[PDB]
Amino acid sequence: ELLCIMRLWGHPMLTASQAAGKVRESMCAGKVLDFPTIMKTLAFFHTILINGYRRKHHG
Amino acid sequence: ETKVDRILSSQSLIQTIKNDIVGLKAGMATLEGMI
């Protein structure tokens, strides 16, 4: 309860520059990807999809 | 028999091929392991 009321001080005033700047800090930052990991999670997306479609389809 | 001898000599060139292909497989896994 003390949390849910601890949010009680008015939504702060904004400024365009700061928000644009943070989301820019989310702009280009490095093409660092691990092909084995992305391939493994791809395989699991595949198995999830296949298992599910076989489930409901029941054929 | 002489011709069978010639065939036999090449049949183990196959064993080297088998080894090279096994090496190629380990390499290809290396490529996939390393991005």
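Reading the values: rules and limits
- Residues numbered from 1 in each chain as written, not as in the entry; some residues may be left out.
- Chains lettered and ligands numbered in written order.
- Part of a larger assembly, values for the part shown.
- Heavy atoms only, no water.
- Helix = DSSP H or I, 4+ residues; strand = E, 2+ residues; numbered from the N terminus.
- Buried < 20%, exposed > 50% of the residue type's maximum accessible area, 1.4 Å probe, protein only.
- Areas by Shrake-Rupley, 256 points an atom, 1.4 Å probe, with all protein chains shown as cover.

- Its PDB header attributes the entry to cryo-EM and lists the resolution as 4.38 Å.

What about the overall build of chain A?
Part 1 of the reasoning: Scanning chain A from N- to C-terminus turns up three helices and zero strands.
Part 2 of the reasoning: Taking the principal axes of its C-alpha atoms as reference, chain A extends roughly 55 × 40 × 20 Å.
Part 3 of the reasoning: The proportion of buried residues among the 59 residues of chain A is 2%.
Part 4 of the reasoning: Here chain A has roughly 6400 Å² of accessible surface; of this, 69% comes from carbon and sulfur atoms.

A few points about the environment of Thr41(A)
Part 1 of the reasoning: Mapped onto the fold, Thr41(A) is located in helix 3 (residues 35–57).
Part 2 of the reasoning: C-alpha of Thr41(A) to C-alpha of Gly30(A): the two residues are eleven residues apart in sequence and 21 Å apart in space.

Some details on the environment of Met34(B)
Part 1 of the reasoning: Considering the arrangement of structural elements, one finds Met34(B) in the segment after helix 1 (2–33).
Part 2 of the reasoning: The sequence separation of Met34(B) and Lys18(B) amounts to 16 residues, and the corresponding C-alpha distance is 25 Å.

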